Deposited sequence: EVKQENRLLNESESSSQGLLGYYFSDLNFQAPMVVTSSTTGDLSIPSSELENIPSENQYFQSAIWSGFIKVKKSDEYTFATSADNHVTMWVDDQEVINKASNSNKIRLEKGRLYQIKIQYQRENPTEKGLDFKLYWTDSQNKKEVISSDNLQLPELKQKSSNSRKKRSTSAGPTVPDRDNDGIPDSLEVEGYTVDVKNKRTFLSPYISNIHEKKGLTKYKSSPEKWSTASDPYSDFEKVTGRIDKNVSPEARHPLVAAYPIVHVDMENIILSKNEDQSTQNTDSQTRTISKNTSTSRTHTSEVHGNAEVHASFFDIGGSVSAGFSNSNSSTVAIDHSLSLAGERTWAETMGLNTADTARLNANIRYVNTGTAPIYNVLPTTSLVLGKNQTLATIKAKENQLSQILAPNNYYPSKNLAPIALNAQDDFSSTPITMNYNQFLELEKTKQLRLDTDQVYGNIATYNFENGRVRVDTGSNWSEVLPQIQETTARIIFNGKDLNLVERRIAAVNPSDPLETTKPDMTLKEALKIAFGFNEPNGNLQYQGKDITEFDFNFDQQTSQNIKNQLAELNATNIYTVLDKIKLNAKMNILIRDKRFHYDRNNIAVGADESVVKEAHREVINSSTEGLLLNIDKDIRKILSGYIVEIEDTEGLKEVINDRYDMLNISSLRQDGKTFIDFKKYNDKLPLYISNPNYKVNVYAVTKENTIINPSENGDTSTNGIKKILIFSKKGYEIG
C-alpha cells in the first residue's frame, strides 16, 4: 500500500479532485480503463499533485525527469528540480512534491511517469523501494515531516488525513483503491467525514486509513466507516463454577471424600454509563443426590469458609482488538461484596483478543481462575454468611475496567500495522465517548451489542464540522440494517419488530425533533431524526420481556404458545418440536402433567430443580423428555381420556430455591401451557 500519493483533478487549478490514490512505483499513470466510476466528462485531468518521500540507497548525484517536464514543477525538499543534478545521500529521506497542469487534454486519464538517472547515466522509472507515502498523521516523525513544502499548491486537507476537505464534506466513495466524489446516478458506500478531524469518530485510525484498508485487519468491517467508532468492548463470560470447603490448620486430615459443588453458569453482558459488566446465573437444576443445603452437602459449619473456582473467557463485542493488556475484573457478590480481583499478565497474552471473538479462543480450553499450573492463584474465599447468600441468589457480577493497553496503528513509512508503544486506548476512549451517539442493539442472538457513531454536538464547534447522522443511517452503518423494498430491516426483521428506549436527555431531544417534524410515529421518519453526541439509545426485540439488566427473561404467553405449536411428534416418551433459538433462550424448563377425568393433575417432574428436560438435537429440533424425571420410564396413562399437559417456564418465572417452608415442589410456578392432548391423541 506504498508509493506516492496522487490527486488527479478535472480542473486546471487543483480544485475539483476526481481521484485520490497511490502508486507503487514512479509510474503515476491512470488509464481511462480504470475510470469506470468517474463519468467520462471528468476523466479529462487538467491538473495533478503528488506527494511523498524518496529514500536513497546509494549516495550519488541524480537527475529527475517526468513524462511532461514542460507542464511540471517538482520539489525535492524545498528545492525546485523541475520548472538538473542534485546530490542525495544514502540513508536519508527527501520530501517529494510534484505538480502538473495541462489545459484541454485530448485523452482521458493520465499517462505520467517519474524517472531518475544516476551518475552511470542509467535512467529508470523510480522503483517502489525508493518511494514512500507522505506522513498523513497528526504529528511528524523523527524522519518524516507531516506537512509538505509550502512552495507550490496545498490541496486543502486541514486535518492531514489525506482526504481533501471538499470530498470529506460533499461525499466520496472508494473503489477497487480510488477515492472519488460520490455521484448518485453511477454509484457503493457514500462516505462523509469531518475535514477537521483526522479520525471523525475520535478513534485511533484515520478517515483515510479506514477507507483505503491501511488499518489493522482485526478492526470490524462496520468500523471501516469513518463515522463508526473502532474500539474494544470487553466482558468476562463465566462458564461453570466449583465450590470447595477451605482447609484449615485445625483439620490435619486431608484424605476425606469429594464434597465439592459443581454447577454450570450462564453469563450475559448487561446494560442498566460506559461500564463493562456481566451477570452470572448459577444453574439451580439438580446436580447432586439428596435435597440437601449447600452447607450440608459440603460439610460447612458456621465458622468455616469456602472458595470458588471457575472457567472463564474474555469476550470482545466491540470493534477493535486488544494486544497486550487484558482489563482487570472484580468478581462481586450481592451489590458490593468484592470476592476477587481477576488479572492477566500484561505483555504476555497468548493471542489477540479480536472483535466478535473470545480469549482464549473457543477451540482452546478456557481459563481457570485457579489454574492447575499456577502456585500463586489467590483463593476466592467466602465466609459462611456469604456462602449462604450465594446459595440463595445464585448470582455473581463481573465488573471489568476499560484498561486495554496499546494500539496497533498504520505506519506510512513502511505500510505495516504494528503495536505502537506510544499509543494507548486510555488516551482515546474518553473522546470517543464524548463525541459519539451510543446505540445498544440485541437483534444478534438477544445479547446486548454496543456501537458508537459519530454525531454532531451543536455546542462544540469542532464537532459541528461532522456530517449529519440520522437514526436510519446509523442503524445501517453500525449494525448492518438494510432497506430492500423501502423498509428498514435487520436480517429480514422489520425495524418495527424492535422497540426504542432512550436516556432522559436523549428522549427529550427526540421528542422535540418529532414535534418539529409533526411526526406521530418515529418509525416512519427514521431518516429525519438526527443523532447527537452523548445520546444513548437502546433497541430491543419486542417479542421478549427484559430484566433490569436488559437481559431477555421471558415473553408473552401468546408468543410462547405460538412458538410451540409446530409439533413434529408426540408420544409417552416426549415431544419433538422446532422452536426458535431466541425462545429457547428465555426458558428454564418444562413441567409435565397428567390430568385425570375429574380435573385433578399429577405433575411428573414436580420439583423446582427438575425442569431441565429439553435438549436441542443435531437437526436443530427440540426434544422434551418425559422420561428423564420419571425414572427413565415413559408416561403411564391409565385411561385414554386422561390428558398430557406440558408447560413452559420462563426465566422470569423460574423458582431457584425451595420455598420459605422448605417445599421444593412446583406448586405456584407461573407456567405457560404449550401442549395438551388426550392419551388417544398421543
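Where are the gaps relative to the deposited sequence?
-> Deposited residues absent from the model fall in 1 to 15, 99 to 103, 197 to 200, 212 to 215, 301 to 324, 735.
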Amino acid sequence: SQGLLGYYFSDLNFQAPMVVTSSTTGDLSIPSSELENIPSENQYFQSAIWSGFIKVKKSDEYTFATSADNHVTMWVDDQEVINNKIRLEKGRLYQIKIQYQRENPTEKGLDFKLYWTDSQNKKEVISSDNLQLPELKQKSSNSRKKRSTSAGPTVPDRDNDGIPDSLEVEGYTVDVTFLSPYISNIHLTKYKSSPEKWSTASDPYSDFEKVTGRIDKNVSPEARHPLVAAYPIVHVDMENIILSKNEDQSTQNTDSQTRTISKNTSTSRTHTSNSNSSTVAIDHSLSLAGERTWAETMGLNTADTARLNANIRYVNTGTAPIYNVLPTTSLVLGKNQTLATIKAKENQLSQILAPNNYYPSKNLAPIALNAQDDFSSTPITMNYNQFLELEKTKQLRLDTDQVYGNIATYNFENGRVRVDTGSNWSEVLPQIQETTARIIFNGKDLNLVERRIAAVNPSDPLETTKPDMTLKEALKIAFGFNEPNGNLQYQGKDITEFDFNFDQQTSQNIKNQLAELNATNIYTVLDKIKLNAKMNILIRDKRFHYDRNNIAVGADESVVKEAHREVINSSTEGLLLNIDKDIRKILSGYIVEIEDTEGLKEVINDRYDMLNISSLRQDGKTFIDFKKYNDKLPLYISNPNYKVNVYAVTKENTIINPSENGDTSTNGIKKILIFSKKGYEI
From here on, numbers count along this sequence of modelled residues.
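Between 200 to 208 and 381 to 389, point out the one with the higher average CA B-factor as the PDB entry records it.
-> Result of the comparison: 381 to 389.
Mean C-alpha B-factor comparison - 31 to 39 and 615 to 623, higher one | The stretch with the larger mean CA B-factor is 615 to 623.
For the listed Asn406, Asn442, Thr254, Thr319, which has the peak Cα B-factor recorded in the PDB entry?
-> Highest CA B-factor of the listed options: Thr254.
Tell me, please, which of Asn501, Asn324, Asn357, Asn532 has the highest C-alpha B factor according to the deposited entry?
-> Going by the entry's C-alpha B-factors, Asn324 comes out highest.
Could you look up the Cα B-factor of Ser47 in the entry and say which third of the chain it sits in: lowest, middle or highest?
-> Lowest third - that is where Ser47 ends up once the chain's C-alpha B-factors are sorted.
Cα B factor band for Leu88 (lowest, middle or highest third within the chain) = As the PDB entry reports it, the C-alpha B-factor of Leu88 lands in the highest third of its chain.
Which third, lowest, middle or highest, does the CA B-factor of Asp118 fall in along this chain?
-> Tercile = highest for this residue's CA B-factor.
Going by what the PDB entry lists, where does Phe481 fall on CA B-factor within its chain: lowest, middle or highest third?
-> Within its chain, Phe481 is a middle-third residue by C-alpha B-factor, going by the deposited values.
Please rank the C-alpha B-factors of the chain's modelled residues and tell me whether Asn13 sits in the lowest, middle or highest third.
-> Its C-alpha B-factor belongs to the highest third of this chain's values.
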